[PDB]
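Considered here are two forms of the same protein chain, supplied as structure tokens in two stand-alone entries, structure 1 and structure 2.
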Structure 1
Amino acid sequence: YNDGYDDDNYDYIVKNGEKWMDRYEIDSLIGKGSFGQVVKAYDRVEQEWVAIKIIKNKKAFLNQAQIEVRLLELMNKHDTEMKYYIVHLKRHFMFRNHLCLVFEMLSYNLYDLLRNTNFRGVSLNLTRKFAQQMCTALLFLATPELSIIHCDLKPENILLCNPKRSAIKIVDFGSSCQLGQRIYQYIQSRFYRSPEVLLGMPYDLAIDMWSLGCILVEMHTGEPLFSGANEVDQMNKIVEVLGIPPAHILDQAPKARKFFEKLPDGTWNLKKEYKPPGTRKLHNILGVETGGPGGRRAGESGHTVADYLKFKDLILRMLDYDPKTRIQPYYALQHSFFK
């Protein structure tokens, strides 16, 4: 293990108080993920805490992180005032056989926020703040010179900047790509995976908007909207809410028959118990008329029927099966939900 320094998962074994390169004092592990670890460090030179993503000493992670660095640096050539809600990569270096990405220090991810609500959700008002930021972030990523598809939006990859404000940033561009790259497939985290990707179809930046629609519902209900145990269960759970996808899409989907078959009348239906297609209404998931998710927002300011109907509309537009008509970031931002 790399001159001593690695565990059996090819992680750097953090030693609290270690100094690196006469510059960073490692304080502690913040958290682990697939890619490796994020540690809290003090940068003596800039005099600030930084979150150092220490990539596993494994080629696949190293290579993914090099793609991440490239995309972050590209995003940086634009967002120098850090306006657009993407985590700032300060610098990167190889250290003891681990690629290290030095980020600004942020705070809890939105999953952990949901965990602190006991998976019962945050307010629609907070949901709206997250939504507005996330739509602005997507707006940014879709700037032509970037055209970046995050490809793994989920609550864990959206972080509070700090524990007392509603400001957030997107993290983790390990799985990201630019438009026209199509080599990736079975991409996105399953709960947040777009129909086009489930269907093995060409995809674009609209996949991120699908993920966001899923995320926003979850932020408010506390629970994943579409919590499939596998792709088939995923598509089924999607269909429960949204109905059979448009025929014009299914006729074009290489993986149509993973999920669907044509009936003798030439129409598409599921292969296989679930609520029948389109019968699990978002109207009811959100509790539009019944005091919000599980009735728990009954009375609360900012949780009116009118508010929920606006939120539902926005969400349904994000969860358009058709990536061509799925609401784009700009128009999402103009939605009545945000007035």
Structure 2
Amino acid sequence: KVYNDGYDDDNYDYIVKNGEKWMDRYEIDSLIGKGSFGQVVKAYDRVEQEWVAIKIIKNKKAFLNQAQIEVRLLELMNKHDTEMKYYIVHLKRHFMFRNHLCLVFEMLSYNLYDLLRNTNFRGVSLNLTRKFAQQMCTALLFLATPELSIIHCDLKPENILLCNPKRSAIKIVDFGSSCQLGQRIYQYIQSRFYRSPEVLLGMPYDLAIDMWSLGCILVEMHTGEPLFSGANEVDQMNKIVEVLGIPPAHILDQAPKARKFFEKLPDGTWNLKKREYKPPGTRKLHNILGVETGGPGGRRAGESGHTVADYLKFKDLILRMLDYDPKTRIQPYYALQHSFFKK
């Protein structure tokens, strides 16, 4: 047996061959991304004389349809005048090639997870974390513009890439798992480590879940490690609880999956259901960040911009993003006005 006249493997993926040239225009260099959607290759565009990243979607309706949605969102975004739009990876064009939908993007650099790996998971300085945070908030502010109302829904280190390995500018990629505010067609969403409490609880979600993800991400960028690394959903909620405490009863009283993690005592209050975890709220963010001890592992003692004052501004902003209540979790516009960003 052979697939798609020999162009595809048995998993609907296009068999990538280095040096092959398509439509007398693109010269495929190499594979730079794999996914359930298909692949992402680096390629040289002979016509525009530039490197581009091409996302080759699997030759399968399920995937083709999911990608057409990403194309519409991207086209919808790029057609918006503001310069906040230069925080979203740019879709140059798309076309069908050998039965595969292809999205041509501008070529980017390393993703923030690779960045953390190049530090041996020790983290980057607070000053660079600040630059990333500022851009991320602007991007979220952008996605929040009414006509868009886009919920990225899968923010994580891997989906944030450096524009150039030298500069600190970033762009968010992968809008294949995205969606606009609406009905809840699906519930299991976001990468586990960055999954917001509302999602874990089975409650209605909106753009606020991206902000939760961002808060988890900023802490990871600076300490080098995932703030909440659950092996499964129960383990995940417990780790969130160690740091933030038991969620407010008003939220847990409406949480369809509340009893998956908590139990309501005869007096109406909620407790963890169950030395695996520190007591609720005892794993203080103040200490994870090392606010008064020279940062994570004290490896920042003495660095410019790593004063107790600087760290206090960073802790406050993170705590406003990790607000259990999505109604009062800080929004993009205000996060941007936070003193962590003031000069």
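Each form is matched to the other, and the largest set of C-alpha atoms that superpose within 1.5 Å is called the rigid core. Every residue number counts along structure 1's sequence, beginning with 1.
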message = Superposing the core, which one of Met82, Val232, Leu179, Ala247 shows a C-alpha shift reaching 2 Å or more between the two structures?
response = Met82
ask   = Does the C-alpha of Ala60 move 2 Å or more between the two structures once the rigid core is lined up?
value = yes
task = Superpose on the rigid core, then tell me if the C-alpha of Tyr321 is displaced by 2 angstroms or more between the two structures.
result = no
key: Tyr10 C-alpha moves between the two structures by 2 Å or more, core aligned   = yes
key: Rigid-core-fitted C-alpha displacement of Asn97 between the two structures (angstrom)   = 2.2
ask   = Rigid core superposed, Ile30 Cα shift between the two structures in Å?
value = 1.7
